[PDB]
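Colleague: my complex, first installment, coordinates as in the assembly:
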Amino acid sequence: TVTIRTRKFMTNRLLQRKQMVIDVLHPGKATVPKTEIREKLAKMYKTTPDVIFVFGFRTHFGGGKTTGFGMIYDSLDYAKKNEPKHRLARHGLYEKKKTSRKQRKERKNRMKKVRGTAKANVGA
């Protein structure tokens, strides 16, 4: 019984995506996770359930309403091109090197201590 109504629909030919504001009605239950929102927007808009990228869902005080943002892309190449990396990591197609800032800064300073070919050697 979880319905979805759209709001502020506007499409971009220059971003190859359609931005809209999602209003989710889920009375009597908890906040619904984003993946059923992705399949329901895939069902209503007749699109594959992998180019829809939703975020920013805040539940109103009282329970029953949830307002959030969501985009519908044309294809996977456009979804890979102009997006932030963390949404792609949430959907599981991007991963970053597991190093902290302190190790990188210390390695940069230690590499700055020497010159030449040994700059790559001291950085391990």
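Modeller: All right, it came through fine. Residues are numbered from 1 along each chain as shown, chains lettered A, B, ... in the order given.
Colleague: Identify each buried residue in the helix or strand hosting residue A:106, please.
Modeller: Using DSSP states H and E, residue A:106 sits in helix A:101-113. Neighbour-count burial for helix A:101-113, with 16 or more other C-beta atoms under 10 Å as criterion, is recorded at residue A:111. The C-beta positions use only the backbone N, C-alpha and C, and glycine is treated the same way.
Colleague: That one: what's the following helix or strand?
Modeller: Next along the chain after helix A:101-113, taking DSSP H and E as the criterion, comes helix A:118-122.
Colleague: Please tell me how far the spatially most central residue of chain A sits from residue A:94.
Modeller: Nearest to the geometric centre of chain A sits residue A:87, at 2.0 Å (C-alpha atoms, centre = their mean). Using C-beta to C-beta, to the nearest Å, one obtains 9 Å as the distance from residue A:87 to residue A:94.
Colleague: Residue A:100 now?
Modeller: 19 Å.
Colleague: These two - which one has more neighbours?
Modeller: Set residue A:100 next to residue A:94 and count neighbours by other C-beta atoms under 10 Å: residue A:94 wins out with 14 against 8.
Colleague: hang on, the earlier thing: quick one: the helix holding residue A:106 to chain centroid distance?
Modeller: Offset of helix A:101-113 from its chain centre (C-alpha atoms, centre = their mean, to the nearest Å): 31 Å.
Colleague: quick one, strands of chain A?
Modeller: Applying DSSP state E to chain A gives strands spanning A:3-12, A:17-25, A:52-59, A:65-73.
Colleague: and chain B on top of that:
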Amino acid sequence: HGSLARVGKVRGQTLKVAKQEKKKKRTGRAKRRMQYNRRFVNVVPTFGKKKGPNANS
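Modeller: Adding chain B to what we have so far:
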């Protein structure tokens, strides 16, 4: 006796009694409700000088 100006004499020789275990006191909105009730709707029309809340003459 000892000395005249002994430091902490009276508090040192004061009798020691214990507190009495009592019911807890309401605080917050119900305290003001009880005060309003006892001061304004449980009163009787009297004359002369109004009696104090702690009058034990």
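Colleague: still on that earlier bit, now do the helix holding residue A:106: everything it contacts.
Modeller: For helix A:101-113, contacts defined as C-beta atoms under 8 Å, 6 or more residues apart in numbering or on different chains pick out A:119-120, A:122-124.
Colleague: ok, back up a step: now do the same contact list for the residue nearest to the centre of chain A.
Modeller: Applying C-beta under 8 Å, 6+ apart, one finds that residue A:87 lies in contact with A:53, A:55.
Colleague: Pull up the gap between residue A:31 and residue A:23, please.
Modeller: For residue A:31, the distance to residue A:23 - C-beta to C-beta - is 13 Å.
Colleague: tell me, what's touching those two both at once?
Modeller: Common contact partners of residue A:31 and residue A:23 (C-beta under 8 Å, 6+ apart): residue A:66.
Colleague: shouldn't residue A:122 be in contact with residue A:116?
Modeller: No. Contact status for residue A:122 versus residue A:116: not in contact, 10.1 Å apart, counting by C-beta atoms under 8 Å.
Colleague: Please identify which of these two sits among more neighbours.
Modeller: Neighbour count, other C-beta atoms under 10 Å in any protein chain shown: between residue A:122 and residue A:116, residue A:122 has more, with 12 against 7.
Colleague: quick one: the strands in chain B?
Modeller: So, for chain B - with DSSP E - there are no strands.
Colleague: residue boundaries of the helices in it?
Modeller: Taking DSSP state H as the test, the helices found in chain B are B:9-12, B:29-40.
Colleague: okay, chain C goes in next:
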Amino acid sequence: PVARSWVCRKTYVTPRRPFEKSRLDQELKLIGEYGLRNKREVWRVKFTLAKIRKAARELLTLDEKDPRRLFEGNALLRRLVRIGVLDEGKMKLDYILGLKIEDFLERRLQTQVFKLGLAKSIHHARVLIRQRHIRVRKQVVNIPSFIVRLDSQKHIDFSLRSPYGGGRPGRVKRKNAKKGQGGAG
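Modeller: Next up, chain C placed on what we already have:
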């Protein structure tokens, strides 16, 4: 250089005399009749009434046919008639000064629930509001100091997720029902 606001103000003004008699008498009468918690609330209502009266006085010292006077005076009058403390027959600049603290405290949500006819007493009304039982236009209110408008008075009813307006029962009903099932089984 951080991106904050740092904008805040006090909503009440303490009286000059700390230990008077008659002032404490009408403050206690107001607290007991409207079911308030402390003197800070009635001092807050007195402060906002004093601010409204001060604005009305400084606009009443002014002359007629001044466009900014007509404009923000009509703004003040439409606010005072939409909040529920003024009538259409008294839409004048001097009639703001004839207002009382009873008119501002009568539009409080607590006394509106008490006089609407779904609460036993005003303290029961505050307990009923504080325990999430009512709603105002498809939106529950958890606080008693919700000053309602004239166009939103006829929409106050029990909330859907409450045992009083039809819904799931509370915890002592379910606990006693489970105890009865255990004793009968």
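Colleague: back to the contacts of residue A:87, now that we've got chain C?
Modeller: A:53, A:55.
Colleague: please redo it, this time with the cut-off set to 6 Å
Modeller: residue A:53 (C-beta atoms under 6 Å, 6 or more residues apart in numbering or on different chains).
Colleague: separation between it and chain C?
Modeller: Distance of residue A:87 to chain C, given as C-beta to the nearest C-beta, to the nearest Å: 25 Å.
Colleague: now residue A:86
Modeller: 22 Å.
Colleague: okay, now that residue: neighbour count?
Modeller: Neighbours of residue A:86 (other C-beta under 10 Å): 11.
Colleague: neighbours around whichever residue of chain A sits closest to chain B, how many?
Modeller: When you check chain A against chain B by C-beta to the nearest C-beta, the closest residue turns out to be residue A:61, at 23.7 Å. Neighbourhood size, residue A:61 [other C-beta under 10 Å]: 9.
Colleague: do the same with residue C:159
Modeller: Residue C:159: 19 neighbours (other C-beta under 10 Å).
Colleague: With residue A:24 instead?
Modeller: Residue A:24: 21 neighbours (other C-beta under 10 Å).
Colleague: Then residue C:96?
Modeller: Here the count is done by other C-beta under 10 Å, and residue C:96 has 22 residues near it.
Colleague: ok, now residue C:57?
Modeller: Neighbours around residue C:57, by other C-beta under 10 Å: 11.
Colleague: For residue 39, give me its contacts.
Modeller: Going with chain A. Counting by C-beta under 6 Å, 6+ apart, residue A:39 touches residue A:49.
Colleague: not what I meant, chain C
Modeller: Neighbour list for residue C:39: residue C:27 [criterion: C-beta under 6 Å, 6+ apart].
Colleague: Kind regards, and thank you for your time.
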